[PDB]
Amino acid sequence: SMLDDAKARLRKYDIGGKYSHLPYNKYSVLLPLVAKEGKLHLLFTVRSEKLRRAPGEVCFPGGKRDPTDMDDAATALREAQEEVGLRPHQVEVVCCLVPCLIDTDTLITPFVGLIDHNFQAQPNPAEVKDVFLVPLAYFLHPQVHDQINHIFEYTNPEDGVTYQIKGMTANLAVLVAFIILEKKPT
Ligand SMILES: O=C1CC=CN1c1ccccc1-c1ccc(F)cc1
């Protein structure tokens, strides 16, 4: 099936806990895959203008590991619950992708999660200004604007609202699209 095929592809790229004990400042992100209208989508947040890190930016759900977290996947799931109301029973963590090194002392670990079809986001306005889906296939043929660095513009056909996706967030979205969608019969 579509979902079984996605998880099987993703598992081939799982690094697991190989980099997880290294002594960095540690953050995790959740890359949430949602099946709608017979296609896979990624779920994105727009961060509230209030925040420390990256006010008003498009980001995946995530944040800093705390002492309660059993592991880096727990961090991603805790933060996703706080931001959008995603509960544990509503997500299956499929794999851990290549981590992202930043600022010489920080390591951000991304986890891909399959999201239950009955989940409905409840944006927490202290954390997130907006939540939106993008079809995964978009990232194979994005609308690119050079700002010199590349920026994706996605317009939601439901309402005509345009979002800018950039940086680590854009990079990870492309990676997931390649992993899941490359070399598929029509
Ligand atoms: O500012 C950005 C842009 C993308 C990753 N960062 C970071 C830069 C440094 C430390 C942490 C983050 C981070 C931000 C949001 C999040 F959900 C998880 C990690």
# chains A, B, ... in the order shown; residues from 1 in each chain; ligands from 1
>>> closest_atom_pairs(of="chain A", to="ligand 1", cutoff="10 Å", atoms="only C-alpha atoms and all ligand atoms", output="CSV")
residue,atom,partner,partner_atom_place_in_ligand_line,distance
A:25,CA,ligand 1,10 (C),8.2
A:26,CA,ligand 1,11 (C),8.1
A:27,CA,ligand 1,19 (C),5.2
A:28,CA,ligand 1,18 (C),5.7
A:29,CA,ligand 1,17 (F),5.5
A:30,CA,ligand 1,17 (F),8.2
A:45,CA,ligand 1,17 (F),9.2
A:47,CA,ligand 1,15 (C),8.8
A:52,CA,ligand 1,1 (O),9.2
A:53,CA,ligand 1,1 (O),5.4
A:54,CA,ligand 1,1 (O),5.3
A:55,CA,ligand 1,1 (O),9.1
A:57,CA,ligand 1,3 (C),8.1
A:58,CA,ligand 1,3 (C),8.8
A:59,CA,ligand 1,17 (F),6.2
A:60,CA,ligand 1,17 (F),5.8
A:61,CA,ligand 1,17 (F),5.2
A:62,CA,ligand 1,17 (F),3.6
A:63,CA,ligand 1,18 (C),4.1
A:64,CA,ligand 1,18 (C),6.5
A:65,CA,ligand 1,18 (C),9.5
A:75,CA,ligand 1,18 (C),10.0
A:76,CA,ligand 1,17 (F),8.5
A:79,CA,ligand 1,17 (F),8.1
A:80,CA,ligand 1,17 (F),9.1
A:83,CA,ligand 1,17 (F),9.9
A:100,CA,ligand 1,5 (C),8.6
A:101,CA,ligand 1,9 (C),9.1
A:102,CA,ligand 1,9 (C),6.5
A:103,CA,ligand 1,9 (C),7.2
A:105,CA,ligand 1,10 (C),9.4
A:106,CA,ligand 1,10 (C),6.5
A:107,CA,ligand 1,10 (C),7.9
A:108,CA,ligand 1,19 (C),6.0
A:109,CA,ligand 1,19 (C),8.6
A:110,CA,ligand 1,18 (C),9.0
A:166,CA,ligand 1,3 (C),8.8
A:167,CA,ligand 1,4 (C),6.8
A:168,CA,ligand 1,4 (C),5.4
A:169,CA,ligand 1,4 (C),6.3
A:170,CA,ligand 1,4 (C),9.6
>>> write_last_selection(atoms="C-alpha atoms", output="PDB file, in the first residue's frame")
ATOM      1  CA  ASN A  25      22.850  21.259  22.844  1.00  0.00           C
ATOM      2  CA  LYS A  26      20.049  18.911  21.615  1.00  0.00           C
ATOM      3  CA  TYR A  27      16.809  19.723  19.673  1.00  0.00           C
ATOM      4  CA  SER A  28      14.429  17.415  17.833  1.00  0.00           C
ATOM      5  CA  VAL A  29      11.901  18.041  15.014  1.00  0.00           C
ATOM      6  CA  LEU A  30       8.985  15.968  13.849  1.00  0.00           C
ATOM      7  CA  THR A  45       3.787  25.284  11.502  1.00  0.00           C
ATOM      8  CA  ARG A  47       5.869  30.016  14.586  1.00  0.00           C
ATOM      9  CA  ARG A  52      12.727  33.235  21.113  1.00  0.00           C
ATOM     10  CA  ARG A  53      13.815  31.219  18.050  1.00  0.00           C
ATOM     11  CA  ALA A  54      12.551  32.271  14.627  1.00  0.00           C
ATOM     12  CA  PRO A  55       9.385  34.379  15.091  1.00  0.00           C
ATOM     13  CA  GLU A  57       8.995  31.444  10.336  1.00  0.00           C
ATOM     14  CA  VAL A  58       7.705  28.234   8.736  1.00  0.00           C
ATOM     15  CA  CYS A  59       9.133  25.294  10.745  1.00  0.00           C
ATOM     16  CA  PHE A  60       8.371  21.691  11.579  1.00  0.00           C
ATOM     17  CA  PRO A  61       7.008  21.027  15.099  1.00  0.00           C
ATOM     18  CA  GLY A  62       9.947  20.555  17.544  1.00  0.00           C
ATOM     19  CA  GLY A  63      12.151  22.115  20.179  1.00  0.00           C
ATOM     20  CA  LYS A  64      14.794  21.591  22.884  1.00  0.00           C
ATOM     21  CA  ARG A  65      15.263  18.325  24.682  1.00  0.00           C
ATOM     22  CA  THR A  75      11.399  15.396  22.521  1.00  0.00           C
ATOM     23  CA  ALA A  76       9.831  15.650  19.060  1.00  0.00           C
ATOM     24  CA  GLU A  79       6.869  19.443  21.443  1.00  0.00           C
ATOM     25  CA  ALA A  80       4.405  18.419  18.703  1.00  0.00           C
ATOM     26  CA  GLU A  83       2.289  23.083  19.609  1.00  0.00           C
ATOM     27  CA  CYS A 100      21.636  18.752  11.313  1.00  0.00           C
ATOM     28  CA  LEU A 101      24.784  20.413  12.858  1.00  0.00           C
ATOM     29  CA  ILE A 102      24.527  24.108  13.654  1.00  0.00           C
ATOM     30  CA  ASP A 103      26.415  26.889  15.390  1.00  0.00           C
ATOM     31  CA  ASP A 105      27.560  23.298  19.489  1.00  0.00           C
ATOM     32  CA  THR A 106      23.992  22.205  18.494  1.00  0.00           C
ATOM     33  CA  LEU A 107      22.593  19.055  16.939  1.00  0.00           C
ATOM     34  CA  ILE A 108      19.005  18.900  15.602  1.00  0.00           C
ATOM     35  CA  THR A 109      17.639  15.413  15.130  1.00  0.00           C
ATOM     36  CA  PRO A 110      14.685  14.920  12.671  1.00  0.00           C
ATOM     37  CA  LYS A 166      13.349  27.950   3.613  1.00  0.00           C
ATOM     38  CA  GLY A 167      16.509  26.751   5.287  1.00  0.00           C
ATOM     39  CA  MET A 168      16.680  23.468   7.214  1.00  0.00           C
ATOM     40  CA  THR A 169      12.900  23.122   6.914  1.00  0.00           C
ATOM     41  CA  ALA A 170      12.998  23.294   3.092  1.00  0.00           C
TER      42      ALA A 170
END
>>> residues_around(residues="residue A:181", least_positions_apart="6", cutoff="9 Å", atoms="only C-alpha atoms", output="PyMOL selection string")
chain A and resi 6+136-137+140
>>> atom_distance(atom1="atom CA of residue A:122", atom2="atom CA of residue A:85")
5.5 Å
>>> residues_around(residues="residue A:10", least_positions_apart="6", cutoff="8 Å", atoms="only C-alpha atoms", output="MDAnalysis selection string")
chainID A and resid 94:95 179:180
>>> select_by_dssp(residues="chain A", states="strand (DSSP E or B)", output="NGL selection string")
:A and (25-36 or 39-47 or 58-59 or 62-64 or 91-96 or 100-102 or 106-115 or 128-135 or 144-146 or 150-155 or 162-165)
>>> select_by_dssp(residues="stretch 21-121 of chain A", states="helix (DSSP H, G or I)", output="ChimeraX atom specification")
/A:72-84,88-90
>>> write_last_selection(atoms="N, CA and C atoms", output="PDB file, in the first residue's frame")
ATOM      1  N   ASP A  72      15.479  11.123  22.022  1.00  0.00           N
ATOM      2  CA  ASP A  72      15.307  12.273  21.175  1.00  0.00           C
ATOM      3  C   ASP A  72      13.918  12.254  20.490  1.00  0.00           C
ATOM      4  N   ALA A  73      13.421  11.071  20.209  1.00  0.00           N
ATOM      5  CA  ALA A  73      12.042  10.937  19.602  1.00  0.00           C
ATOM      6  C   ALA A  73      10.978  11.510  20.555  1.00  0.00           C
ATOM      7  N   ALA A  74      11.134  11.205  21.839  1.00  0.00           N
ATOM      8  CA  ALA A  74      10.254  11.813  22.873  1.00  0.00           C
ATOM      9  C   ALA A  74      10.210  13.303  22.851  1.00  0.00           C
ATOM     10  N   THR A  75      11.352  13.968  22.658  1.00  0.00           N
ATOM     11  CA  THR A  75      11.399  15.396  22.521  1.00  0.00           C
ATOM     12  C   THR A  75      10.481  15.899  21.401  1.00  0.00           C
ATOM     13  N   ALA A  76      10.638  15.256  20.225  1.00  0.00           N
ATOM     14  CA  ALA A  76       9.831  15.650  19.060  1.00  0.00           C
ATOM     15  C   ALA A  76       8.303  15.499  19.356  1.00  0.00           C
ATOM     16  N   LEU A  77       7.942  14.405  19.959  1.00  0.00           N
ATOM     17  CA  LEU A  77       6.526  14.130  20.257  1.00  0.00           C
ATOM     18  C   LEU A  77       5.966  15.047  21.336  1.00  0.00           C
ATOM     19  N   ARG A  78       6.744  15.310  22.394  1.00  0.00           N
ATOM     20  CA  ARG A  78       6.335  16.312  23.424  1.00  0.00           C
ATOM     21  C   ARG A  78       6.055  17.682  22.846  1.00  0.00           C
ATOM     22  N   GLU A  79       6.975  18.168  22.011  1.00  0.00           N
ATOM     23  CA  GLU A  79       6.869  19.443  21.443  1.00  0.00           C
ATOM     24  C   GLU A  79       5.707  19.489  20.437  1.00  0.00           C
ATOM     25  N   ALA A  80       5.502  18.427  19.638  1.00  0.00           N
ATOM     26  CA  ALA A  80       4.405  18.419  18.703  1.00  0.00           C
ATOM     27  C   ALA A  80       3.029  18.487  19.468  1.00  0.00           C
ATOM     28  N   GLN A  81       2.955  17.803  20.577  1.00  0.00           N
ATOM     29  CA  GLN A  81       1.727  17.841  21.439  1.00  0.00           C
ATOM     30  C   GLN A  81       1.462  19.264  21.942  1.00  0.00           C
ATOM     31  N   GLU A  82       2.509  19.897  22.474  1.00  0.00           N
ATOM     32  CA  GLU A  82       2.386  21.286  22.946  1.00  0.00           C
ATOM     33  C   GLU A  82       1.989  22.263  21.863  1.00  0.00           C
ATOM     34  N   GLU A  83       2.502  22.114  20.645  1.00  0.00           N
ATOM     35  CA  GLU A  83       2.289  23.083  19.609  1.00  0.00           C
ATOM     36  C   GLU A  83       0.972  22.911  18.861  1.00  0.00           C
ATOM     37  N   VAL A  84       0.634  21.666  18.540  1.00  0.00           N
ATOM     38  CA  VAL A  84      -0.524  21.390  17.649  1.00  0.00           C
ATOM     39  C   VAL A  84      -1.549  20.384  18.181  1.00  0.00           C
ATOM     40  N   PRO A  88       0.187  11.018  21.555  1.00  0.00           N
ATOM     41  CA  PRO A  88       1.004   9.828  21.223  1.00  0.00           C
ATOM     42  C   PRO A  88       0.389   8.750  20.426  1.00  0.00           C
ATOM     43  N   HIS A  89      -0.866   8.417  20.725  1.00  0.00           N
ATOM     44  CA  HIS A  89      -1.555   7.377  19.982  1.00  0.00           C
ATOM     45  C   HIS A  89      -1.785   7.784  18.516  1.00  0.00           C
ATOM     46  N   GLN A  90      -1.580   9.050  18.179  1.00  0.00           N
ATOM     47  CA  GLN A  90      -1.916   9.579  16.842  1.00  0.00           C
ATOM     48  C   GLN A  90      -0.730   9.670  15.904  1.00  0.00           C
TER      49      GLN A  90
END
>>> atom_distance(atom1="atom CA of residue A:13", atom2="atom CA of residue A:98")
8.1 Å
>>> residues_around(residues="residue A:164", least_positions_apart="5", cutoff="7 Å", atoms="only C-alpha atoms", output="ChimeraX atom specification")
/A:58,151-154
